[PDB]
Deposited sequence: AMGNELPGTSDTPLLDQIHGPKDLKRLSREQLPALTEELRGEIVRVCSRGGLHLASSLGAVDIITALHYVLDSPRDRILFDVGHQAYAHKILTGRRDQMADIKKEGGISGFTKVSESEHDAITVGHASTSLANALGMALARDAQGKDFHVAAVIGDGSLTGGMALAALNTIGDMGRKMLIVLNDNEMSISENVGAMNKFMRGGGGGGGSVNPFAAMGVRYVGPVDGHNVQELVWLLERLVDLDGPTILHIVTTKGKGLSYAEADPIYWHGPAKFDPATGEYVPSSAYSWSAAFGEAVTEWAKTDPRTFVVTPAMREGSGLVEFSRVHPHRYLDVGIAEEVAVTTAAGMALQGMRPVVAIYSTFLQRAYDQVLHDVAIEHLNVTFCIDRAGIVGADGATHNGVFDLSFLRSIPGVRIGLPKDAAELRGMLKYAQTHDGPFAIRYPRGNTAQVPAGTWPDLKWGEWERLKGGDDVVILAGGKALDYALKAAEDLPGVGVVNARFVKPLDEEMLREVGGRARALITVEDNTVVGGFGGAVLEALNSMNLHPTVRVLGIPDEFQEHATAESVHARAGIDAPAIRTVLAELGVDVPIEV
């Protein structure tokens, strides 16, 4: 029990779980609220994080955990970036300094981290459907516990949230939805008792109101209003932002669509220079891709700027709405491969697998900003869809007016050697060049095209090499290694091949470097495979 001061927390020191929180009287909850605010700011500041959303949520989370009995009652957080107060109140206060770090805890709720985490989230708008499943399962088991979902105003505009709300209406089952609105319809929300708006920062009035709502029949939306945040490095994103901004100046058919990730995708400058050629469709990736398809049908050259992990939401839209009529949609896919800190919900290691199987979708991996420019120019000037994927990370700035002629599907040899040849693009290529550096028999090819592959160069290298190594910042299942084995098979070439990539296992929050070392795709791990294939490494 330390002295009163600027950063004492007498109440939190006694709270190890929600049961300890219930020992407080309602009148004490405003003081806890301020302790939680102080705790979040003083620990979760460095690295930015989703501090602003968690701060906005402190009072509704305190009230929910005071009124409800987690883990018997299920509190579901949409996305989960707003649940830092939830983790402090559920035995993880001492782990907040390590949030998103290897050996720490997730930046989102994760079922396997705590019995208090009802869903594993990261992708937005899943809380309502999960909530429905838990309510239906509860009713089937004759149990009586409460299901409460906390969803932001942004998340509630997602297709699967609105579709789920409609169903929650039709089903008429007991559940509470807290709409957490920090910005201040009849086809989605019929059958749903609406309550509010109400002050989202009044922890006593929220405890009062929840004790009323929690026991009512059928589904309730509680509309709360919250204040957001109450209390050398040249990125691939920037390289893209600069290339497309430059491109649009001399292509009036170019239109850039983002699903509400303008700053992430590096389109701040693009939004200000070309406001007439910029569309933020909101959070819905499915709307972004089908809208781009409508634009391409009317003679435009749309570019969808989207994270690899988020493009998963639009798989059927790419296949059905773009690929069937071979439409002019270019996909500039950021956060390609392991993103690291954000963990298994955000690691973009599936795009080379799910896009490859779609007829007519070309796939490029640029090694640098000049190749990115070459691919974007090709994509925007040739028929049908193209995907260009690049990681979170940096690359050399490139001079204005850099627009090389790149023949799509052509690989390039970057290092001499015929005994063993490493085939790799993007981040994997930099690993390959490093791994090969002192080995004269070890060739390196920039496999900068996954679809189509360079069949001629693969035939030449496949016919002479004692062994090939494939390296990809993607799952080894049906990805770049699979494409290479399928192309070798159809040529009836049978060289030794080592397929290096992410294993068929979800990768938890850590640095990309850690995931890459344990996956065995980094330069040291490639150097180990070369030795295993009988390459004489220098002493």
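Asks: Map the modelled residues onto the deposited sequence and report the uncovered stretches in sequence order.
Replies: Several stretches lack coordinates - namely 1 to 3, 188 to 210, 258 to 284, 593 to 594, in sequence order.
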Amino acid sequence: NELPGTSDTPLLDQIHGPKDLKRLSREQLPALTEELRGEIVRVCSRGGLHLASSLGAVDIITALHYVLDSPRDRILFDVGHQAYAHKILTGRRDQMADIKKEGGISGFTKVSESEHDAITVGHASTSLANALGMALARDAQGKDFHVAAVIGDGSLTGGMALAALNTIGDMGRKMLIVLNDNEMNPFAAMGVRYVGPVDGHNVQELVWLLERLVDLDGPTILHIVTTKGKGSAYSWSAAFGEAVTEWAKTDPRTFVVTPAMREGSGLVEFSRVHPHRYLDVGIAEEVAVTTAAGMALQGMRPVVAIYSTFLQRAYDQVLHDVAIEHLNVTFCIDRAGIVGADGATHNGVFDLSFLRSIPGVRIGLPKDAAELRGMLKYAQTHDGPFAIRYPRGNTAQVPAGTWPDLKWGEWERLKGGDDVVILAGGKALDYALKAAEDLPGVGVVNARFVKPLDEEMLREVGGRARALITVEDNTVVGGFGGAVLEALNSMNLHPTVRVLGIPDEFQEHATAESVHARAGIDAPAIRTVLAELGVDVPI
From here on, numbers count along this sequence of modelled residues.
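Asks: Among other entries of this protein with both neighbours modelled, does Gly231 go without coordinates in a third or more of them?
Replies: Yes, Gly231 lacks coordinates in at least a third of the other compared entries that model both of its neighbours.
Asks: Would you say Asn185 is missing from a third or more of the other compared entries?
Replies: It is, since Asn185 is left out of at least a third of the other entries that model both flanking stretches.
Asks: Regarding 405 to 413 and 350 to 358, which shows the higher C-alpha temperature factor on average in the entry?
Replies: It is 405 to 413 that shows the higher mean C-alpha B-factor.
Asks: Averaging only over Cα atoms, indicate whether 454 to 462 or 286 to 294 has the higher B-factor in the PDB entry.
Replies: In the deposited entry, the stretch with the higher C-alpha B-factor mean is 454 to 462.
Asks: From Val322, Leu128, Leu365, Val273, which pick has the Cα B-factor that tops the rest in the entry?
Replies: Going by the entry's C-alpha B-factors, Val273 comes out highest.
Asks: Between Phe77, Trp236, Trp247, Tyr194, where does the Cα B-factor run highest in the record?
Replies: Checking the PDB record, the top C-alpha B-factor among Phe77, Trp236, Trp247, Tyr194 is at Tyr194.
Asks: Sorting by Cα B-factor within the chain, modelled residues only, which third would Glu472 end up in: lowest, middle or highest?
Replies: Lowest third - that is where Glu472 ends up once the chain's C-alpha B-factors are sorted.
Asks: Please place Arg37 in the lowest, middle or highest third of its chain by C-alpha B factor as given in the entry.
Replies: It falls in the top third of the chain.
Asks: Of the three thirds of its chain by CA temperature factor, lowest, middle or highest, which one includes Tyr378?
Replies: For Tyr378, the deposited C-alpha B-factor lands in the lowest third.
Asks: Lowest, middle or highest third: which one holds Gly241 when the chain's residues are ordered by CA B-factor from the entry?
Replies: CA B-factor rank for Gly241: middle third.
Asks: Sorting the chain's CA B-factors, does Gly48 end up in the lowest, middle or highest third?
Replies: Ranked within chain, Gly48 CA B lands in the highest tercile.
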